[PDB]
*Asks:* 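What follows is a single structure, and I will ask about it in a moment.
Throughout, a chain's letter reflects where its sequence line sits, starting with A, and its residues are numbered from 1. The analysis underlying the following values was restricted to heavy atoms, covering all of them including side chains, and did not include hydrogens, waters or symmetry mates. Every number for a ligand or one of its atoms is a count from 1 in the order of the listing.
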Amino acid sequence: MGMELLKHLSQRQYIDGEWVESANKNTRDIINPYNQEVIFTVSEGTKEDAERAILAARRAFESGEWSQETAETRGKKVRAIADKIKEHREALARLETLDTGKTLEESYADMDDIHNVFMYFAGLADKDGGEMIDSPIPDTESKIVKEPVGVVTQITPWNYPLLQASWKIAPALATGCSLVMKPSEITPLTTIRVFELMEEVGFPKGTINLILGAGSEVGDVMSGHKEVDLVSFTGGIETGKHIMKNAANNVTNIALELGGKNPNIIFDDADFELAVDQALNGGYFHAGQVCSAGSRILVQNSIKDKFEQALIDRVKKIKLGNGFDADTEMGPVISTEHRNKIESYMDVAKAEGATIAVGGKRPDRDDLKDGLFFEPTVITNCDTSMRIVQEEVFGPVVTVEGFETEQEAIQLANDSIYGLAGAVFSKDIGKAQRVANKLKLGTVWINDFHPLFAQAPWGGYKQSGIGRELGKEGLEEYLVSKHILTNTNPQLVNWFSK
Amino acid sequence: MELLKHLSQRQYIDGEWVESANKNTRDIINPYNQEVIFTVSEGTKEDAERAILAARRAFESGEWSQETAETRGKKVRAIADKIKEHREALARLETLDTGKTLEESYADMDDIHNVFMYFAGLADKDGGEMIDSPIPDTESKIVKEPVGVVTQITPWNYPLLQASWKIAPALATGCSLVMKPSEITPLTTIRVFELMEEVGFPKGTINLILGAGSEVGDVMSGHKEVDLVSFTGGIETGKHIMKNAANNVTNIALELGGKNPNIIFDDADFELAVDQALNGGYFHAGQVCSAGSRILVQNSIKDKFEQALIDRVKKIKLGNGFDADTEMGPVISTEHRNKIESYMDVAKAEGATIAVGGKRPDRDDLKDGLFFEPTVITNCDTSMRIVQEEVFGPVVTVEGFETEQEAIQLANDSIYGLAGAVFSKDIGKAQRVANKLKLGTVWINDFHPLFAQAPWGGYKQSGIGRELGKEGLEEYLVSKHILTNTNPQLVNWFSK
Amino acid sequence: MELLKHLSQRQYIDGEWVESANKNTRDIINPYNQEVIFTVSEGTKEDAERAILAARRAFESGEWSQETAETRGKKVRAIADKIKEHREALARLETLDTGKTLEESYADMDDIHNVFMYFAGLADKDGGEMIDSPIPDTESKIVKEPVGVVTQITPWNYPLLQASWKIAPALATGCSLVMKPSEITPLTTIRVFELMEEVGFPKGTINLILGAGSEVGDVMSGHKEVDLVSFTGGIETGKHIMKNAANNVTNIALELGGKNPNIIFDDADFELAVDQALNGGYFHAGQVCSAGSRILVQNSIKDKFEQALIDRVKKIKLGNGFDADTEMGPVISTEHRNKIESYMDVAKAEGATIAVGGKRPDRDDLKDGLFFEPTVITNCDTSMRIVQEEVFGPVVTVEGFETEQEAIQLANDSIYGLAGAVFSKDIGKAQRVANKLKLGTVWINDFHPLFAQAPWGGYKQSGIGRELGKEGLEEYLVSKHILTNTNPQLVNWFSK
Amino acid sequence: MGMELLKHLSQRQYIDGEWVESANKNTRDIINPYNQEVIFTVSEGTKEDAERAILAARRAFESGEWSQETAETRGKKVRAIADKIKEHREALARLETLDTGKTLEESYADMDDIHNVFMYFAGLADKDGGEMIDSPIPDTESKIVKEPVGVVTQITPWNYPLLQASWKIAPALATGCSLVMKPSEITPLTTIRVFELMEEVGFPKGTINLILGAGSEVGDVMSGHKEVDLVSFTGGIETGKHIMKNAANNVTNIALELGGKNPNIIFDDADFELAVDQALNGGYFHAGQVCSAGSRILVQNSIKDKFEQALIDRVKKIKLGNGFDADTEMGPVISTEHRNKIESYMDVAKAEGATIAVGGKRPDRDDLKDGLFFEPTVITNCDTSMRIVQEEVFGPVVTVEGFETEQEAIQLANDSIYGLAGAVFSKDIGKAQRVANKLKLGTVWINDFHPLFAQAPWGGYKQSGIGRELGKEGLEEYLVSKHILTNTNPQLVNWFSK
Ligand SMILES: NC(=O)c1ccc[n+]([C@@H]2O[C@H](COP(=O)([O-])OP(=O)(O)OC[C@H]3O[C@@H](n4cnc5c(N)ncnc54)[C@H](O)[C@@H]3O)[C@@H](O)[C@H]2O)c1
Ligand code: NA
Ligand code: NA
Ligand code: NA
């Protein structure tokens with residue numbers, strides 16, 4: 001991309017207008033990846049809690065208190081949430097840094113984007129109730145009414161908790177839906193806080209609900225309950241496929257965003273220093289734990305050697321440390337299990353014949369030994385047939401492959417199971433545009449890397465997802481169309497004998 | 001709601017008419033007399049895979065996907081004209097294979113011409129949007145591209161009609177497609193492919209597979225090269241398909257029928273309601289996704305309504321679809337007729353009453369066909385299987401309701417949400433009811449109307465997505481956000 | 001449906017509060033007692049020209065026109081909040097200057113907040129379109145840009161309300177503007193400018209001219225640097241403006257009032273119709289573009305309706321707008337009251353009957369103000385001037401109609417086409433009538449509703465274009481088609 | 001960018017379903033500019049004829065036969081017209097060439113575009129009846145119905161008669177309007193023919209009407225009659241202003257397209273031969289009698305001398321002649337009066353201090369002496385303050401001015417009273433895009449000149465017009481919005497005493 005509060009922060013779930021503990025009183029300790037110290041303890045909900053929230057969401061939806069409220073008034077409420085976000089910008093960002101480990105700077109930028117997401121949707125709320133159709137049948141009035149889709153379950157990941165949450169909550173509330181959200185069990189702090197803020201705004205009982213807990217325990221209820229009309233999920237491909245299959249039991253709509261293997265295509269006529277700078281940004285922000293990370297670098301052969309050296313020299317200078325310290329450029333990874341997964345990819349890489357040009361291990365420096373740190377890494381001498389190139393590592397790691405021609409870059413970039421995002425660096429804009437038109441990706445950046453905003457749809461082709469978040473299209477996931485046809489001059493058909 | 005001597009018996013793959021890779025065939029039957037009328041290839045899963053790979057290749061070549069939207073529109077329109085041109089033969093073919101009346105079949109052909117024409121005209125009307133970017137010195141745009149390779153599976157009730165709903169938008173947007181009609185009714189689909197071949201499409205753009213869903217079905221829904229799986233049929237096959245599609249996180253569009261309510265208030269135009277109740281339950285022997293199998297009638301007029309409906313149902317004329325006096329043809333197959341017969345047993349076992357019908361007719365000219373008497377089931381309630389489940393036959397149930405609020409609760413008390421009607425002279429009341437029914441389409445004082453200009457699809461278990469209308473075309477498109485930074489500067493986040 | 005001691009008395013040009021170039025002033029009056037309440041600058045045509053030139057300069061500088069749509073939205077929203085924040089004072093100010101009741105004024109402020117908020121939210125929602133080009137190797141796009149420099153002229157009936165309708169979209173799209181409220185009611189407009197200054201806009205983006213339309217009006221409509229002239233007022237001034245605008249082929253948006261029919265069928269809710277007939281004719285002493293001055297009542301109930309309406313009109317409470325018991329305030333000025341009085345003479349001379357009212361009230365507390373009695377004119381027809389012309393006072397005419405078809409012909413028999421209502425419990429009939437009325441807005445069983453989410457404007461002589469809604473914003477945008485040939489080749493048409 | 005059809009072509013007006021002569025039997029001889037010979041004679045209508053057509057249009061609109069027909073069926077009729085155009089492509093093109101003088105190749109292309117304009121609109125007909133609004137007032141239904149604007153008058157010019165006619169007729173018929181059209185008095189042949197074709201398709205009596213005659217006699221009736229809802233005109237600025245002032249008498253909607261002073265901006269990094277080629281195309285197709293002609297060439301100083309010499313050398317080779325001869329590259333101007341207007345501009349140019357680098361006179365070659373020919377011309381050493389640069393000559397003439405920087409090109413290009421179209425020639429696409437974004441023009445071409453099609457709106461900023469033709473926006477000129485608000489739970493306000 002780009003503490004006082006814990007003593008007052010709620011430790012519970014929010015169900016049917018009440019802050020409640022888990023039905024079995026279980027809890028979970030939340031950790032700070034910088035030092036692996038327990039920073040807070042929260043309720044660990046049960047599947048019956050999730051079910052009660054879903055039933056409450058349904059009841060609240062049928063009561064019409066929110067679903068039948070005027071679109072304009074719903075817009076005002078979503079805007080009020082937007083303002084509470086900005087008002088508590090400092091605390092929310094610190095809280096997100098404490099829980100996820102990324103730098104405060106990155107966190108401030110997230111809060112800025114979150115305010116804008118809510119504000120964008122607040123404004124879109126009353127802008128489109130459907131259409132009037134010119135009917136082909138005389139004496140009939142035809143219209144398409146857009147209604148809230150209904151009860152929606154929302155599941156978010158640990159990399160950008162509040163950000164991913166806003167992308168779902170904003171349109172759900174703007175359209176009039178009822179929702180049940182469950183953040184990642186290892187990072188629920190800002191989500192808990194946003195619910196407290198939403199409660200201050202005021203929503204009819206049951207409209208919004210927060211479940212806390214392991215996906216392995218409550219996850220299936222949220223994706224397969226018959227009272228759910230839409231399941232929206234952002235996370236890994238395996239969990240996504242599972243969710244979809246479970247959702248199929250009730251033919252429930254699904255919206256998924258599953259990360260990718262994002263190419264960063266650098267041509268020999270690119271602005272060289274810019275490309276190096278953006279290659280670093282693409283691979284190492286949030287220790288590369290970004291759905292849109294540019295893990296797969298494609299560089300034109302004529303400048304590959306020059307590029308590799310320049311990138312490697314820079315990677316050695318990346319400053320690791322605590323997210324609260326101003327000099328920090330890269331924080332730690334999210335957990336022990338994720339760090340181990342990354343370490344295993346290093347083994348797979350070497351076993352396949354690739355070269356760990358730099359990094360590929362844990363840093364030894366004293367202030368970093370207690371945290372979940374992993375050195376920024378560059379993997380060279382690799383090709384498309386390797387797992388390290390085809391699979392999403394989701395860590396501070398990037399691979400470099402060379403390409404000869406424009407056509408080869410395109411084939412290589414498109415040679416993956418994914419299709420989320422990517423970039424093309426070239427001073428020849430005409431060439432960049434031809435390439436962008438041929439990349440099978442939801443978002444293509446020309447001479448930039450990471451830009452994304454509420455005004456435009458985000459999502460993936462192929463295995464990177466189904467549907468879109470953000471933009472008008474993102475709002476549409478939360479609506480359903482109904483065709484009401486009125487025959488103004490009804491006559492008997494008299495087909496059947498009388 | 002003859003040509004056989006010249007009709008192809010093969011599959012159409014990568015620009016060529018070919019037999020199954022294993023030379024297997026299948027006899028096609030006419031439900032009026034259960035006689036074999038034609039024999040066609042019974043494809044293999046390797047044939048389906050070859051068609052998908054050809055679709056992918058044709059899509060990457062850009063011959064169709066990069067053709068101008070306007071020129072694609074002209075081709076879709078040419079198909080529209082060939083449909084109208086061969087209207088007679090197509091309708092006879094559809095009647096011979098499905099058993100519905102010829103009149104119903106002509107109406108289908110008229111709608112099919114209009115579906116293609118509609119999409120032909122929409123083709124060049126929307127390439128995307130220009131976005132006002134929140135980041136200075138950037139240009140933001142959303143380009144709408146053909147979704148890619150698409151697989152299309154259709155049912156046996158309205159084969160060509162359901163096929164047009166998928167083929168038209170797929171071709172209008174620039175996609176490549178592989179279609180597979182119901183194994184028991186592929187005649188008109190084979191014919192439409194022959195017509196499309198006359199129009200002329202780049203090799204691999206269009207492909208036709210013939211065969212059992214149980215043999216080639218899984219490849220069409222789970223192959224990695226497919227970007228969208230569009231299916232119309234039953235709920236069980238639909239759920240299976242969706243699960244299979246999830247293996248590659250493939251988009252799915254599904255339309256699965258329903259338990260459509262026909263709500264009749266005491267202030268409805270009485271004769272109109274009886275007439276439309278018949279139309280809702282018995283067209284195509286009730287083998288319609290939109291059939292009004294579930295009748296909800298206000299208590300004050302339930303007795304008057306039941307008697308009037310029952311008396312009419314006894315007069316329904318059954319017979320051959322080619323005979324002009326025929327009002328209702330036979331059901332589609334032995335298995336489907338048996339399923340219906342079993343529902344009659346379930347109904348009685350649950351305590352419902354078979355007011356009329358509920359059996360096979362024994363009139364000489366009907367004994368050789370797959371006929372089943374139009375039926376009315378009374379004294380039932382929402383807890384019964386006969387009311388909750390889609391029988392998809394010439395059968396309807398009747399339940400009473402006291403108030404406006406009860407009609408709504410009862411109508412919405414099912415797992416489905418496809419379509420329904422409200423009959424009342426009080427339009428204001430009809431509109432309040434329509435706004436509360438969880439259905440994709442609601443008719444006020446009518447039953448069955450549907451057209452290319454408006455989206456058709458279901459809430460809840462009746463489907464995912466929509467067919468027809470602009471929204472139907474959108475299933476065939478995919479959005480791409482291209483963001484250009486016009487004044488690129490180094491971020492300088494990482495040390496140098 | 002106090003602050004004066006701190007309120008500015010000057011014009012706002014190019015980021016500065018300034019006096020008229022000739023130091024001339026104008027006394028503003030309170031129509032309740034005709035006392036001078038304030039004095040403001042009376043600008044010159046050179047002042048207007050300087051404001052237009054400053055608007056152009058600011059537009060070319062790009063400080064506002066190239067700002068992100070999102071940030072522009074935030075600014076428009078901040079204005080919306082200042083409106084709500086100063087709701088009490090703005091409403092009192094509007095009542096003091098225009099004479100309408102304080103309750104009517106609070107409602108205006110609530111609508112004004114919503115107009116701005118609406119537009120604030122629409123700001124970043126549509127930058128244009130991507131077109132699927134019919135020419136291979138080309139990219140086609142339509143970019144929506146701010147139309148440019150805009151002049152805005154508002155009337156005296158609802159000054160701030162009419163001002164918001166123009167200012168909001170102009171600022172949301174990135175335009176520069178020069179506004180001039182009615183010379184007799186500029187108080188809330190001056191206040192809104194003070195509030196906009198607090199929000200902060202680049203120098204020259206917003207400008208306020210004060211003065212007689214006869215002196216500065218022509219400059220605002222015929223200057224070559226203006227891209228759009230938006231006006232709300234009377235038909236004669238409107239036509240003049242349009243002709244003047246034609247000198248530079250400048251876009252015009254006009255809203256000119258009307259002769260709004262209020263159609264009441266014999267199956268309408270009788271007490272509701274009487275109630276709405278009163279509301280339609282007498283809010284703001286009928287000085288509303290949307291006033292229902294022309295009542296069309298079905299013959300069968302005409303006598304019953306006339307007596308019921310007349311009896312009510314006699315009970316209408318006139319008085320000071322600040323007094324809670326007031327139902328109707330005074331008319332706006334001497335000249336306007338005189339224009340109304342002259343219509344009474346024309347009415348009688350034509351053969352119509354002044355059933356009630358038609359004069360100034362004598363009661364002591366009303367003698368010092370510009371009061372005029374609510375009036376009902378009967379026994380008239382479509383050929384009369386009193387029926388064809390907009391009186392714009394607390395006056396209504398009553399005509400009878402026999403059938404649905406006659407109501408439609410009579411309603412449409414005028415040079416206007418702004419708004420109207422149909423009162424009938426038979427909604428189906430109300431809808432048929434609404435579809436045939438040549439009016440920009442048609443209410444079914446209501447009178448006056450209007451809101452930012454929907455376009456407002458007139459057919460025929462009631463105007464050109466629309467205000468409010470997406471369409472209202474579009475008056476402030478201009479389309480540019482940018483076509484890039486990605487594979488340029490020489491045509492070689494001309495010899496080498 | 002018809003010897004024997006004349007024997008069967010109608011010579012009359014088409015009013016209220018009948019081919020009729022002028023009420024006063026007056027006629028007009030139509031001329032072929034190649035040799036100035038009379039080729040045909042047609043009725044010269046009266047103002048009472050125009051009024052009768054307008055009243056018939058109104059009557060037909062109120063009857064609902066066309067305005068209440070299904071949008072789909074209206075689409076089919078417009079499509080039928082499209083097919084008749086293609087069917088009679090050969091004869092129409094010959095007819096257009098015979099009447100206007102442009103080459104037969106240019107005419108075939110027009111017919112191809114005309115088929116596409118009708119087809120485009122045929123397809124758009126049933127695609128948008130309005131919208132459903134989410135009302136801020138509870139218990140109300142809000143909808144916007146898009147209806148045909150009503151009775152429309154349409155006036156076209158002599159340069160591309162059928163083409164300009166299609167742009168108006170197509171959307172008018174697709175939306176359900178009634179229309180009265182009047183082509184240029186000196187070129188009515190293809191318009192008469194299209195009416196004959198429309199009659200074969202079949203439209204309710206009065207829906208379509210054709211008036212023939214001088215603008216000075218029937219023009220005012222068509223722009224100031226009270227029964228007209230829209231006046232659509234394409235032509236010169238002076239007539240346009242007159243029309244608008246007349247339309248104001250009834251506050252009638254106006255759509256105007258008035259030509260321009262279109263810049264053709266050529267940077268030093270443009271593809272040089274391409275720019276020379278397109279500069280020729282921009283200034284000399286149809287003898288430069290095109291609203292979109294690139295009469296004003298802006299060339300970067302560094303290459304001005306090279307460009308001028310290269311353009312001049314080419315202009316001398318332009319082949320003038322009969323439009324029916326395949327070797328013809330440029331035909332004659334439209335009439336004596338127009339040729340004279342051009343000649344006068346040459347005088348003005350020299351008097352102002354400009355140089356007639358080449359051309360600037362009538363050609364003497366034997367086969368051209370009998371026609372209305374005028375040599376392709378290049379005017380150099382001029383500036384923005386001159387009339388020859390500020391005014392639309394509308395002939396085979398172009399001026400050349402130099403610019404130093406990107407910013408100067410923009411200021412110069414924008415320094416006119418017009419704003420219709422223009423081009424930017426540069427291999428640096430990024431620069432071309434910056435320029436395009438700043439030109440106050442309705443259409444900007446990057447590395448091309450003239451492209452225009454039904455799918456995109458065409459029209460001008462400033463004095464080049466009001467409104468748009470083509471595209472969805474062009475169709476919208478033919479629609480009017482109506483907000484129908486239904487209160488579903490009406491209550492008495494009780495404001496007034498009881
Ligand atoms: N929505 C509708 O319009 C519709 C249509 C037909 C049947 N139905 C319902 O379904 C029941 C009977 O239908 P049916 O079973 O004959 O048809 P079905 O539901 O299986 O649909 C038929 C289509 O699906 C294909 N198919 C079968 N297995 C497949 C697989 N594993 N993968 C992919 N495709 C596969 C078939 O070859 C055929 O093309 C009825 O009880 C009725 O309620 C609904
Ligand atoms: Na005043
Ligand atoms: Na008008
Ligand atoms: Na001529």
*Asks:* Aromatic contact between D:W158 and D:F394, with the criterion being ring centroids under 6.0 Å apart: yes or no?
*Replies:*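 Yes - the distance between ring centres of D:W158 and D:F394 falls below the 6.0 Å cut-off.
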*Asks:* Identify the two heavy atoms, one from B:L228 and one from B:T250, that lie closest to each other, and give their separation to 0.1 Å.
*Replies:*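 Smallest interatomic distance, heavy atoms only, reads N-CG2, 3.7 Å.
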*Asks:* If you measure from OG on C:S462 to CG on C:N260, what distance do you get to the nearest 0.5 Å?
*Replies:*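 Result: 6.5 Å between the selected atoms.
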*Asks:* Just checking, any donor-acceptor pair under 3.5 angstrom between side chains of B:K166 and B:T232?
*Replies:* yes
*Asks:* If you measure only the distance, is there a donor-acceptor pair under 3.5 Å linking the side chains of C:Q461 and D:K226?
*Replies:* no
*Asks:* Counting backbone and side chain alike, does C:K460 bring an N/O/S atom below 3.0 Å of the Na ion (ligand 3)?
*Replies:* yes
*Asks:* Within ligand 1, which atoms have a heavy atom of B:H240 less than 4.0 Å away?
*Replies:*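 Close to B:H240: 31 (N).
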*Asks:* Check whether any N, O or S atom of D:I30, backbone or side chain, sits closer than 3.0 Å to the Na ion (ligand 4).
*Replies:* no
*Asks:* If only side-chain N and O atoms count, and only distance matters, is there a donor-acceptor pair under 3.5 Å linking B:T188 with B:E94?
*Replies:* yes
*Asks:* Looking at atom 15 (O) of ligand 1, tell me if a protein heavy atom falls under 4.0 Å from it.
*Replies:*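 Looking at atom 15 (O) of ligand 1, one finds that no protein heavy atom lies closer than 4.0 Å.
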*Asks:* Starting from atom 23 (C) of ligand 1, find the nearest protein heavy-atom neighbour and note its residue, name and distance.
*Replies:* B:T154 O, 3.8 Å
*Asks:* With heavy-atom distances below 4.0 Å as the criterion, list the atoms of ligand 1 near B:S182.
*Replies:*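 What qualifies from ligand 1 is 38 (C), 39 (O).
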*Asks:* Is it the side chain, the backbone, both or neither of B:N157 that has a heavy atom closer than 4.0 Å to ligand 1?
*Replies:*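 The answer is the side chain of B:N157.
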*Asks:* I'd like to know if D:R58 pairs up with D:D229 as an ion pair, taking the criterion as any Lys NZ or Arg NE/NH1/NH2 lying under 4.0 Å from an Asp or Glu carboxylate oxygen.
*Replies:*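 Looking at D:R58 and D:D229, the cut-off is met.
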*Asks:* Would you please say whether a donor-acceptor pair under 3.5 Å links the side chains of D:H225 and D:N250?
*Replies:*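 No, because no side-chain N or O of D:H225 sits under 3.5 Å from a partner of the opposite role on D:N250.
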*Asks:* Compare every heavy atom of B:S414 with every heavy atom of B:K460, then report the nearest pair and how far apart it is.
*Replies:*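 In terms of heavy atoms, the two residues are closest at NZ-O, 2.9 Å.
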*Asks:* If the contact criterion is a heavy-atom separation under 4.0 Å, does B:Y158 count as touching ligand 1?
*Replies:* no
*Asks:* Can you find a pair of side-chain heavy atoms, one from C:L418 and one from C:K259, that are under 4.5 Å apart?
*Replies:* no
*Asks:* Does D:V251 bring an N, O or S atom to within less than 3.0 Å of the Na ion (ligand 3)?
*Replies:*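 Of the N, O and S atoms in D:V251, at least one lies under 3.0 Å from the Na ion (ligand 3), which means yes.
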*Asks:* Under 4.0 Å, counting heavy atoms only: does B:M220 come that close to any atom of ligand 1?
*Replies:* no
*Asks:* Using a 4.0 Å heavy-atom cut-off, which part of B:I235 comes near ligand 1: side chain, backbone, both, or neither?
*Replies:* neither
*Asks:* To the nearest 0.5 Å, tell me how far B:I209 CD1 sits from B:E183 CD.
*Replies:* 13.5 Å
*Asks:* I need the atoms of ligand 1 closer than 4.0 Å to a non-hydrogen atom of B:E255, numbered in the order shown.
*Replies:*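 Answer for ligand 1: 1 (N).
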*Asks:* Does the side chain of B:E215 come under 3.5 Å of the side chain of B:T44 through a donor N or O and an acceptor N or O?
*Replies:* no
*Asks:* So is B:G257 polar-close to ligand 1, meaning N/O to N/O under 3.5 Å?
*Replies:* yes
*Asks:* My understanding is that we take every heavy atom of each candidate and find the minimum distance to atom 17 (O) of ligand 1. Doing that for B:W156, B:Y343, B:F392, B:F231, which one comes out nearest?
*Replies:* B:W156
*Asks:* With the side chain counted from C-beta on, respond yes when B:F231 and B:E255 share a heavy-atom pair under 4.5 Å apart, and no when they do not.
*Replies:*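 B:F231 does not reach B:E255 side chain to side chain.
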*Asks:* If we set the cut-off at 4.0 Å for heavy atoms, which region of B:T237 has an atom near ligand 1: side chain, backbone, both, or neither?
*Replies:*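 The answer is the side chain.
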*Asks:* My understanding is that we take every heavy atom of each candidate and find the minimum distance to atom 9 (C) of ligand 1. Doing that for B:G234, B:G217, B:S221, which one comes out nearest?
*Replies:*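 Among B:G234, B:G217, B:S221, the closest heavy atom to atom 9 (C) of ligand 1 comes from B:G234.
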*Asks:* Roughly, to 10 degrees, what angle do D:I31 atom O and D:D99 atom O form around the Na ion (ligand 4)?
*Replies:* 90°
*Asks:* Ignoring angles and geometry beyond distance, decide whether B:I153 reaches within less than 3.5 Å of ligand 1 through its nitrogen or oxygen atoms.
*Replies:* no
*Asks:* Is it the case that the side chains of B:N247 and A:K245 hold a donor-acceptor pair, with the cut-off being a distance below 3.5 Å and no angle test?
*Replies:*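 Checked: A:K245/B:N247 side chains pair up, N/O donor to acceptor below 3.5 Å.
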*Asks:* Please confirm whether B:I241 comes within less than 3.5 Å of ligand 1 when only nitrogen or oxygen atoms on both sides are compared.
*Replies:*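 The answer is no, given that B:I241 and ligand 1 share no N or O pair closer than 3.5 Å.
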*Asks:* Before signing off on this row, confirm whether B:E183 and ligand 1 have an N or O atom pair separated by under 3.5 Å.
*Replies:*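 So ligand 1 has an N or O lying under 3.5 Å from an N or O of B:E183.
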*Asks:* At less than 3.0 Å, would any N/O/S atom of D:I186, backbone or side chain, sit next to the Na ion (ligand 4)?
*Replies:* yes
*Asks:* At a 4.0 Å threshold, what atoms of ligand 1 neighbour a non-hydrogen atom of B:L256?
*Replies:*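 The list of qualifying atoms is 1 (N).
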*Asks:* Return yes or no for this condition: an N or O of B:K339 is under 3.5 Å from an N or O of ligand 1.
*Replies:* no
*Asks:* Do you see an N/O/S atom of C:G463, backbone or side chain, under 3.0 Å from the Na ion (ligand 3)?
*Replies:*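 Here the distance criterion (N, O or S atom, under 3.0 Å) is met by C:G463, so yes.
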